[PDB]
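Chemist: This is the structure I want to talk about, given as structure tokens.
Cβ placement follows ideal geometry from the backbone for every residue including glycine, while neighbour counts extend to all protein chains displayed. Laboratory data are not the source of any read-out in this text; all were calculated from the coordinates shown.
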Amino acid sequence: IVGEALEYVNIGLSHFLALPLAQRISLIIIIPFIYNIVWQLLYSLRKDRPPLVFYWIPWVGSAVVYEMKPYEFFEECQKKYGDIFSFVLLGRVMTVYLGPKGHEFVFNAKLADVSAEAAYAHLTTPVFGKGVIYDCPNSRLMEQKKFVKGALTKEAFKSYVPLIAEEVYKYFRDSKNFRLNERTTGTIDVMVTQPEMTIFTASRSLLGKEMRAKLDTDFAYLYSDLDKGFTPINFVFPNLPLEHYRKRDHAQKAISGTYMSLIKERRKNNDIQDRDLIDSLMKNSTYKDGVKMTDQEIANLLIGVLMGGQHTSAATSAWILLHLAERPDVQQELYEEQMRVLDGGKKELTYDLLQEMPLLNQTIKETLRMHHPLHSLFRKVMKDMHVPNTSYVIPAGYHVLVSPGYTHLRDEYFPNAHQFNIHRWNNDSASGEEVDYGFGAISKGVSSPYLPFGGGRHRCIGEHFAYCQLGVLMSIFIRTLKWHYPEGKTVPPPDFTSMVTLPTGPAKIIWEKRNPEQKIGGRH
Ligand code: HEM
Ligand SMILES: OC(Cn1cncn1)(Cn1cncn1)c1ccc(F)cc1F
């Protein structure tokens, strides 16, 4: 009889529940631990699945090494399994496709196969607000990008340049980090100065003088609070009742309120011109089906756009300064180009003249190669995906991870990739077939090993603005200052744990005026 064995199942179950809590706790730990390992071993036998990186701790997965050294994690996995491999990350299964084909697979994936907003809405909506970016369908995002792009034109860039230039000079004059009229040399932390210079220049040009004026008050603290809401932690804990989350939520309310106040006052007073992105979105934010963006949505879009560009650009100008700090030869070469293009300084910097500064633009290009601010980009897989020329199938519910920044640092595609060399872009200082997803014709192929601004439908639309901003900034730094490292100091390693891969601080440089007696004018 085995009927008596079925009885012993029941008995065993009863003797189980009657175990001392010291043991049931252990079993509370050992059972999932064993099950996890047993499951992985079975998983490896499945051949329509990419290799899965082994991990001990359930749910957590490979999260620790990934969060700390993601490029080293990728290279190790790449050696062991090749370009396609999966790993577990704090509850989710991430499928990585390395290299140009990975760029194709993910950046050019069909709209039905993957979703960006499904991956990012929880990180971004709390910070930016509702209705925009990733808190809406893709077709809405496509048109939002179209709206923002319409203020990002050549003619706008020509008007932004003297404005950005003024902000940089005002910063050299008034900021405690410089004070070039009282000081001729000094030390700065680039992770202090660049975020401040970035917000000052982006606000003045994209938002206007009103909004820029507000950064000079206590209101600036709100930006700092909202800023801290942009954190990987939001992927796991997007809302938990602490004061981080309430300073953030308050900031979002307070800042979006401020923009609507300006918007509503501009429209009430017929003061809608072609100054900034606010004027632009006001006279141009009606979707194709006739629905107009609310003033709240418009303000939330401003926040997301300004916030994203803030972190990517500030990290980038910080890296530029850090690389140049140990390369006086490059500073020297850049300075000569400045003297040549601007007639020894007797020419005012214009957007057109920026375009005649290839080495300056190659310096940005090369920094973005070595320091892609977003080391990984994700999509959630919505429908089962077959990986071409493999037997692999990526199930829905998986996430795909693309990482052009990793390919940027491979010798195969960039000879001596870990060496900073702006001349590798000689005759190629620009930041076939095209396609238009709703915000303008962009490249159809996304197979370039160099993709600092991504590609496909989620491609960046701030690239020309970023080059404009960074260009003006670096042009003025180069003409005004020399700089170098404190003894023994060199380029810091990246901090991969933050929202962008900014330098590990404190990252300090020593500056000095090329012209100690040069005075910056204006009232202060
Ligand atoms: C050096 C500076 C920047 C870099 C390297 C950069 C990089 C990127 C990348 C890689 C993406 C694709 C993200 C993805 O595929 O998930 C992206 C998207 C985007 N970026 Fe930028 N960005 C920069 C600056 C800016 C600026 C200044 C703005 C606006 C003024 C901006 C606005 C946007 C927008 C609206 C998207 C679309 C996101 C989507 O469609 O899902 N970015 N950027
Ligand atoms: O793509 C981001 C969001 N993100 C993805 N991984 C990490 N952060 C960043 N970004 C890209 N270019 C500029 N910022 C973004 C996209 C659009 C946006 F409006 C804000 C925003 F943070």
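Chemist: Return only the number of the condition from (1) surrounded by fewer than 20 Cβ atoms within 10 Å (Cβ to Cβ); (2) over 22 Å from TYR223 (Cα atoms) that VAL192 does not satisfy.
Modeler: (2)
Chemist: Another question about this same structure. Give me the pairs, please: first residue somewhere in the range 418-447 and over 19 Å from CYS460 (Cα atoms), second residue anywhere and of a type in the set (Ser, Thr, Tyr), beta-carbon distance under 6 Å, and either six or more positions apart or on two chains.
Modeler: Listed by first residue and then by second, the contacts come to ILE422/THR363.
Chemist: Can we say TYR169 is in a helix (DSSP H, G or I), hydroxyl-bearing (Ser, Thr, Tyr) and touching a strand residue (DSSP E or B) at 6+ places or on another chain (Cβ under 8 Å)?
Modeler: When the stated conditions are applied, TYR169 does not pass them.
Chemist: Sticking with this one: Cβ contacts < 7 Å: first residue on the phi > 0 side of the Ramachandran plot, restricted to the range 193-214; second residue assigned to a helix (DSSP H, G or I) and crowded, with 21+ Cβ neighbours inside 10 Å, any location; separation 6+ or different chain. Result?
Modeler: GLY208/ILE278
Chemist: A further question on this structure: Can you tell me which of (1) within 24 Å of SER175 (Cα to Cα); (2) outside any helix (DSSP H, G or I); (3) within 14 Å of ligand 1 (Cβ to nearest atom); (4) not acidic (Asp, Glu) is the one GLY505 doesn't meet?
Modeler: Condition (3) is where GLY505 drops out.
Chemist: Those residues that are in a loop (DSSP other than H, G, I, E, B) and within 15 Å of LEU98 (Cβ to Cβ), I need them from the range 393-416; list them, please.
Modeler: Matches in the range 393-416: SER403, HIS408, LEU409, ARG410, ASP411, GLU412, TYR413, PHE414.
Chemist: Another one. Kindly indicate whether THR497 is outside any helix (DSSP H, G or I), within 16 Å of ligand 2 (Cβ to nearest atom) and among the polar types (S, T, N, Q).
Modeler: So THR497 fits the description; yes.
Chemist: Which of the helices (runs of 4 or more DSSP H) contained wholly in the range 215-333 include at least 2 residues that are more than 24 Å from the chain's Cα centre (by Cα), away from ligand 1 (no atom under 15 Å from the Cβ) and surrounded by fewer than 17 Cβ atoms within 10 Å (Cβ to Cβ)?
Modeler: Output list reads 243-268.
Here is a yes/no grid of residues against (1) within 13 Å of ligand 2 (Cβ to nearest atom); (2) more than 28 Å from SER285 (Cβ to Cβ); (3) in contact with a strand residue (DSSP E or B) (Cβ under 8 Å, 6 or more places away or on another chain); (4) of a type outside the set (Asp, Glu):
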position	(1), (2), (3), (4)
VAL435	no, no, yes, yes
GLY438	no, no, no, yes
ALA441	no, no, yes, yes
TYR450	no, yes, no, yes
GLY454	yes, no, yes, yes
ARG459	yes, no, yes, yes
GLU463	yes, no, no, no
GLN469	yes, no, no, yes
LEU481	no, yes, yes, yes
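Chemist: A follow-up question, please. List the helices (runs of 4 or more DSSP H) that sit entirely inside the range 49-156 and contain at least 3 residues that are among the hydroxyl-bearing types (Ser, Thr, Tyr).
Modeler: Hits in the range 49-156: 117-128.
Chemist: Report every pair of residues separated by at least 6 positions or lying on different chains whose Cβ atoms are under 6 Å apart, first residue within the range 73-88 and within 22 Å of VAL60 (Cβ to Cβ), second surrounded by fewer than 17 Cβ atoms within 10 Å (Cβ to Cβ).
Modeler: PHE73/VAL65; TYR81/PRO51; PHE85/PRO51
Chemist: Then there's this: Can you name the condition, by its number, that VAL500 falls short on among (1) over 16 Å from the mean Cα position of the chain (by Cα); (2) within 30 Å of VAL236 (Cα to Cα); (3) β-branched (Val, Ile, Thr)?
Modeler: Answer for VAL500: the failing condition is (1).
Chemist: I've got another one for you. Out of the range 201-214, which residues are surrounded by fewer than 20 Cβ atoms within 10 Å (Cβ to Cβ) and of a type outside the set (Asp, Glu)?
Modeler: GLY208, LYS209, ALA213, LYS214
Chemist: Which of the residues belonging to the range 379-389 are surrounded by fewer than 21 Cβ atoms within 10 Å (Cβ to Cβ) and under 27 Å from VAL500 (Cβ atoms)?
Modeler: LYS380, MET382
Residue-wise test of (1) loosely packed, with under 13 Cβ neighbours inside 10 Å; (2) in a loop (DSSP other than H, G, I, E, B); (3) near ligand 1 (Cβ under 10 Å from one of its atoms).
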site	(1), (2), (3)
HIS418	yes, yes, no
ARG424	no, no, no
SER431	no, yes, yes
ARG457	no, no, yes
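Chemist: Six or more apart or on different chains, Cβ under 8 Å: which pairs go from a residue in the range 357-381 that's part of a helix (DSSP H, G or I) to one that's among the aliphatic types (A, V, I, L, M) and within 16 Å of ligand 2 (Cβ to nearest atom)? Could you list them?
Modeler: If the second residue must be among the aliphatic types (A, V, I, L, M) and within 16 Å of ligand 2 (Cβ to nearest atom), the pairs left are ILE364/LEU470.
Chemist: Would it be correct to say that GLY471 is within 11 Å of ligand 1 (Cβ to nearest atom) and closer than 30 Å to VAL161 by Cα?
Modeler: no
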